[PDB]
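All remarks here apply to the structure that follows.
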Amino acid sequence: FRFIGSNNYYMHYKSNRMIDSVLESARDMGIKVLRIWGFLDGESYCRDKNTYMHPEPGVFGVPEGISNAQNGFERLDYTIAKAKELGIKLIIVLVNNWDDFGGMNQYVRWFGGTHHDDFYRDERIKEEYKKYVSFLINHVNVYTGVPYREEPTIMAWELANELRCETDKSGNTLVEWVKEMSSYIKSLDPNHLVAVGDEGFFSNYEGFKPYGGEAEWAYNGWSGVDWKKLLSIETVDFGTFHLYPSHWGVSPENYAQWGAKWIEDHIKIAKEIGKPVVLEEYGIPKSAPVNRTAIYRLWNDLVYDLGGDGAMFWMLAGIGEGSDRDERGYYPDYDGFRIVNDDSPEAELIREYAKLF
Ligand SMILES: OC[C@H]1O[C@@H](O)[C@H](O)[C@@H](O)[C@@H]1O
């Protein structure tokens, strides 16, 4: 199974109209897999979206006594049931490295820690993450009757979006945490694939250096991620990597070749370990002084020709509503990476490549 995929982060708190639009757009475009968030941590983040998943330790869903709120499990249930109908598979990520939707720092605040990376080390935090993930994976979808652990529309669980641990540049903290949590998920759900959801950083591997000497930190272990070691974990089924040369220090004239080398290196390493590998987020800003579609074509050709298992752009949006609606009625392009199902050269490229993979 090889595919063109995408990402959408608002499938657990927006309306039926808006969810139907993203999933219908994916089906129309040929996008087979959508990577979505399965978390909403912290009372302030829940209140901001009027949607509750994990507002406090041991509270899953809407707090007793709060009325007029959405339950993010019910919105995720609706998303899964519609994806099932429309033939879209879902990768569902279980916490954010970043503060959007609470993330690791929200868990550290709950447990009175002092650094983001206490999330990997404090046993009280690790226990709360396992309680959350157990609740989610055992949750019975209210539109299908099928618990998520038995739902084939879900392709994979992912431990943590873009996990990093800068406080341990040896890589060992993340290896231990990924071993513990991926084994834990397999103990709950022996059916589904498990992956990490990280960006794919290397930790000073002989003969792997960045294109053009830019963004060395992504090759030399700065983030505390040793991707090869993570991919070798028995309870990890496939490797994930992300690609944003414009965020990482690469010059615009080097975005294409830096990204090309990044894809080549990840596929070579995963092929030697013998597990599948997915480029699960990539993006070039709409305003970059290069042809974004030709970069996306180059990177999709490389994944296709080198035998990578999937290429997933960040990100796909559909129609918008309320305060999230732009000049054409769509959910707005807030970050410069949005693609929608229109006549843009990027949308045309995605439709063309979805026919190939
Ligand atoms: O904070 C810097 C990092 O921020 C994240 O939001 C992005 O996804 C990364 O690409 C970036 O390196």
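Each chain of the structure tokens is named A, B, ... in the order shown, its residues numbered from 1; ligands are numbered from 1 in display order.
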For segment 241-248 of chain A, work out the shell of residues within 6 Å, counting only C-alpha atoms and skipping chain neighbours fewer than 6 positions away, then give it as a ChimeraX atom specification.
/A:199-200,215,255,279-283
Go ahead and save the residues from that selection, with N, CA, C and O atoms, as a PDB file, in the first residue's frame.
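Written out: selection_9.pdb:
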```
ATOM      1  N   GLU A 199       9.952  14.353  13.179  1.00  0.00           N
ATOM      2  CA  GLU A 199      10.408  15.062  11.932  1.00  0.00           C
ATOM      3  C   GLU A 199      11.500  14.276  11.211  1.00  0.00           C
ATOM      4  O   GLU A 199      11.779  14.663  10.065  1.00  0.00           O
ATOM      5  N   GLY A 200      12.095  13.245  11.826  1.00  0.00           N
ATOM      6  CA  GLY A 200      13.130  12.458  11.074  1.00  0.00           C
ATOM      7  C   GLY A 200      14.556  12.897  11.302  1.00  0.00           C
ATOM      8  O   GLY A 200      15.477  12.419  10.579  1.00  0.00           O
ATOM      9  N   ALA A 215      21.363  23.807   7.677  1.00  0.00           N
ATOM     10  CA  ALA A 215      20.537  23.039   8.643  1.00  0.00           C
ATOM     11  C   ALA A 215      21.298  21.789   9.149  1.00  0.00           C
ATOM     12  O   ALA A 215      20.746  20.657   9.231  1.00  0.00           O
ATOM     13  N   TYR A 255      16.249  24.998  -1.396  1.00  0.00           N
ATOM     14  CA  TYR A 255      15.146  24.208  -0.835  1.00  0.00           C
ATOM     15  C   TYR A 255      14.945  22.881  -1.575  1.00  0.00           C
ATOM     16  O   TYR A 255      14.774  21.812  -0.914  1.00  0.00           O
ATOM     17  N   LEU A 279       6.991  10.140   4.160  1.00  0.00           N
ATOM     18  CA  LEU A 279       7.222  11.577   4.280  1.00  0.00           C
ATOM     19  C   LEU A 279       5.847  12.136   4.668  1.00  0.00           C
ATOM     20  O   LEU A 279       4.989  12.217   3.776  1.00  0.00           O
ATOM     21  N   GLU A 280       5.614  12.360   5.979  1.00  0.00           N
ATOM     22  CA  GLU A 280       4.224  12.599   6.386  1.00  0.00           C
ATOM     23  C   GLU A 280       3.861  14.061   6.568  1.00  0.00           C
ATOM     24  O   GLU A 280       2.665  14.360   6.747  1.00  0.00           O
ATOM     25  N   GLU A 281       4.820  14.992   6.444  1.00  0.00           N
ATOM     26  CA  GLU A 281       4.469  16.416   6.315  1.00  0.00           C
ATOM     27  C   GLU A 281       5.553  17.012   5.441  1.00  0.00           C
ATOM     28  O   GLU A 281       6.764  16.758   5.669  1.00  0.00           O
ATOM     29  N   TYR A 282       5.189  17.829   4.488  1.00  0.00           N
ATOM     30  CA  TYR A 282       6.198  18.673   3.783  1.00  0.00           C
ATOM     31  C   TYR A 282       5.499  19.931   3.352  1.00  0.00           C
ATOM     32  O   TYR A 282       4.253  19.945   3.115  1.00  0.00           O
ATOM     33  N   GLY A 283       6.266  21.033   3.243  1.00  0.00           N
ATOM     34  CA  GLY A 283       5.631  22.248   2.838  1.00  0.00           C
ATOM     35  C   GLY A 283       6.717  23.240   2.402  1.00  0.00           C
ATOM     36  O   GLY A 283       7.801  23.231   2.939  1.00  0.00           O
TER      37      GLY A 283
END
```
DSSP on the backbone, alpha helix (DSSP H) only: what residues of segment 2-144 of chain A does that give? Format it as a PyMOL selection string.
chain A and resi 16-29+43-49+72-86+103-110+123-138
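Secondary structure of segment 116-289 of chain A, strand (DSSP E or B) only (DSSP, backbone atoms): residues 140, 147, 154, 155, 156, 157, 158, 161, 193, 194, 195, 203, 220, 239, 240, 241, 242, 243, 277, 278, 279, 280, 281 and 282 of chain A.
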Hey, what's within 8 Å of residue 164 of chain A if we count only C-alpha atoms and toss same-chain stuff fewer than 2 positions away? As a PyMOL selection string, please?
chain A and resi 97+162+166+174+198+223-225
Just give me the gap between atom 4 (O, counted along the ligand's line) of ligand 1 and atom CA of residue 2 of chain A in Å, one decimal is fine.
27.7 Å
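Here the question is which of A:239, A:329, A:221, A:42 gets nearest to residue 309 of chain A using only C-alpha atoms, and that residue is A:239.
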Two-atom distance - atom CA of residue 38 of chain A, atom CA of residue 154 of chain A (Å)
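Interatomic distance, atom CA of residue 38 of chain A to atom CA of residue 154 of chain A: 11.5 Å.
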Residue 301 of chain A surroundings by only C-alpha atoms, 10 Å radius, close-in-sequence under 2 positions cut, as a list in words
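Counting only C-alpha atoms, the residues come to residues 260, 295, 296, 297, 298, 299, 303, 304, 305, 306, 307, 311, 353, 356 and 357 of chain A.
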I'd like the interatomic distance between atom CA of residue 163 of chain A and atom CA of residue 196 of chain A, to a tenth of an Å.
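Pair atom CA of residue 163 of chain A / atom CA of residue 196 of chain A returns 8.1 Å.
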Nearest candidate to residue 20 of chain A (options A:345, A:320, A:332, A:276; using only C-alpha atoms)
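Selected residue with least distance to residue 20 of chain A: A:320.
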Using only C-alpha atoms and all ligand atoms, which of A:99, A:158, A:226, A:342 sits nearest ligand 1?
A:99
Determine the nearest neighbour of residue 89 of chain A from the options A:156, A:60, A:111, A:24, counting only C-alpha atoms.
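The answer is A:156, which sits nearest to residue 89 of chain A.
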Taking only C-alpha atoms into account, name the residue in A:231, A:211, A:237, A:344 that is nearest to residue 263 of chain A.
A:211
Would you mind telling me which residue in A:170, A:240, A:79, A:203 lies nearest to residue 216 of chain A when using only C-alpha atoms?
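Of A:170, A:240, A:79, A:203, the one nearest residue 216 of chain A, counting only C-alpha atoms, is A:203.
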Taking 4 positions as the minimum chain separation for residues in the same chain, which residues sit within 10 Å of segment 27-33 of chain A when counting only C-alpha atoms? Answer as a ChimeraX atom specification.
/A:2-7,21-23,83,86-91,153-155,280,310-312,316,340-342,347-357
